[PDB]
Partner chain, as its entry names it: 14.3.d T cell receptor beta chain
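Just one chain follows, in the form deposited without the partner chain, and it is written as structure tokens.
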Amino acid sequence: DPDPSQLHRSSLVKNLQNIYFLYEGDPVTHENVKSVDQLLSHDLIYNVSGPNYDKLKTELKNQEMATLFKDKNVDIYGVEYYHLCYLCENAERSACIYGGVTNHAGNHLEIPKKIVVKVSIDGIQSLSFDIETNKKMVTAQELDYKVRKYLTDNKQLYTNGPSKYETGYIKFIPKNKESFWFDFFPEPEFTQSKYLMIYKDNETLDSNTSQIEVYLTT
């Protein structure tokens, strides 16, 4: 886990809006789609379209994980970035993301499994809110997003400017697997590309046993 000194201070971030739009804006979601092309052996290009993009490239953990989902019909769910997102030169409407991929076949729930987010502020966990998905194995990225989307819009986690909280991070807790966490705030001078790499591992989770806690301080 993280120590107060391991956490990035929000008041130290330059252009924090750049995080804000990532979570304030809608995600990139797709259902039964198959890998169309590939730039580097560790990424997968999809001919999926969306507002502001007709192509999507996702960077995965490595080549192995990239060929592992290559010829499979997967579901995509992720927070994208455009600045520093290049492929060829004719594709002028592209968008990049890391991970956020999962097998489509046999990964669906007839009824959404809502997970309980334990938001603790300044040590007092006086808040609880739901978050749901239709996948049995979902990526921490799909869960992580919703968490921040909720908190942004209700607790003002982010704004088109500063943040009411000095520090903050999301902690994930797998049934029996070991835990991990993501710092809601970046380094002073960051880039969405670099920051988003917290989803490059594409670490999925069993939404039927996984737990989620959030630690925010003012």
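Residue numbers count along the first chain shown, from 1.
Absent from the display: the form solved in complex with the partner chain. The rest refers to it.
- Between the partner chain and the residues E92, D130, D122, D71, the one pair within 4.5 Å by heavy atoms in the deposited bound form involves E92.
- Site annotation in the deposited bound form: the residue of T152, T167, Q192, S163 reaching within 4.5 Å of the partner chain with a heavy atom is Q192.
- In the deposited bound form, at least one heavy atom of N52 sits within 4.5 Å of a heavy atom of the partner chain.
- Remark: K114 does not count among the residues lining the partner chain in the deposited bound form, judged by a heavy atom distance of 4.5 Å or less.
- Within this chain, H83 lines the site of the partner chain in the deposited bound form, having a heavy atom no more than 4.5 Å away.
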